[PDB]
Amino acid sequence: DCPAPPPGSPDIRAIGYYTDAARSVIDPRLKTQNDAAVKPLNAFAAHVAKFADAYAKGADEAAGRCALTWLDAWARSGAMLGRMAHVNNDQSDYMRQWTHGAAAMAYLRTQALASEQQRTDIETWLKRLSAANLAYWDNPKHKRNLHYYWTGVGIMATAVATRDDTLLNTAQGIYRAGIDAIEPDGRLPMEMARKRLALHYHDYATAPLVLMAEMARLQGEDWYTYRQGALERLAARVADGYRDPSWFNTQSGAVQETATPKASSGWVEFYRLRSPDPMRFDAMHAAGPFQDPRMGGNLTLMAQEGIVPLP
C-alpha cells in the first residue's frame, strides 16, 4: 500500500527567519511561515527515506518500489527545477540542496528495483538538480559554508547511482573544500561566527563531509585519507563541545545553546568506526538512534548494514 505522492512543483519559495547579523536569533513567525511553505519538501524527504528504510529491512521490495514511485512522480513533474525565491535570504536554494540530497540518497539505495523508464526519468531529473545546485555556487558572493558541503550530498549520490565520473569529481571538490577549510585548531571559521549556534553549525557541517566519504567507499575510494587528521580535529571539537562547550563559548564569543545530539549528528555512527580515537564519540553514540531523511534515513542502521542493501 504505497501512499499517494504529494505534488512536485517546479518552484520553491522558502522564507528566511534569522534577525541578527550572525544569523543565530530566530523569528517565530518567520520560521512558522517557512515550515508551512516547505512542508511538501519536508514531507517528500521523510517518506522516501522511510520507504528506503523498510526496503533495507528486508522482505519488503514493495516499499522499495514505493520510494521509486515517489521519485518518478517528482521527476516527471520537473519538481524543484523552476523558480527559486529569495525572501530575506536564499532559503529556497538551501531547501533545494537538502531535498535533492534526500531524493538522491533514497534513489541510490533503492535503484536496484527501478524500471527502465524509472531509471531514465529519475536519473535525468537527478542530473539537472545536480547541475542547478552547482551553478548556484558560481556567484562568488554566495559564501561556501555547510550549504556548500550539503550541496555535494545530492551530487555524490547521483554520481554513485549513475556511475557519472564527472559528477564524482565535482562532489570530490566539494568534499576537499570542506576538509581544506578546517583550521589547525579544528575550527571552521564560517561556522564559528554563529554565536550561540557555533557548535550546532560545526556539527551540521561535519555530517555532509562524513556522508560523502562514506559514499566514496561504495566506489572503492577512501576519501578519509585526504589530509588525514583534519576531519578528526573537527569531529573531536564537536564531541568535546557536547560534553563541555567552553571552547565554542570562547572562540565564538557567546554561550552555546544547550542541546543534545540529534538527527544529522548521526554522522557519528559512521565516523566512530573510522576515528583514531573512537571512544571520544561514545556519549554521542549513546544518544542514538539517529535518523535524518537528508542523509538517507536511519544512520545507525546504515552504519551497521551498509548504505545500499544488497539486492
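We number the residues from 1 along the sequence you see.
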{"property": "Of 224-232 and 202-210, the one with larger mean CA B-factor", "result": "224-232"}
{"property": "257-265 or 30-38, whichever carries the higher mean Cα B-factor", "result": "30-38"}
{"property": "Member of 151, 111, 219, 172 with the greatest C-alpha B factor (per the PDB record)", "result": "219"}
{"property": "Highest recorded Cα temperature factor - choice among 237, 100, 128, 83", "result": "83"}
{"property": "Chain-relative CA temperature factor third for residue 57", "result": "highest"}
{"property": "Chain-wide C-alpha B factor ranking for residue 162, given as lowest, middle or highest third", "result": "lowest"}
{"property": "For residue 142, the third of its chain into which the C-alpha B factor falls", "result": "highest"}
{"property": "Residue 186, C-alpha B-factor rank within chain (lowest, middle or highest third)", "result": "lowest"}
{"property": "Third of chain Cα B-factors occupied by residue 124", "result": "lowest"}
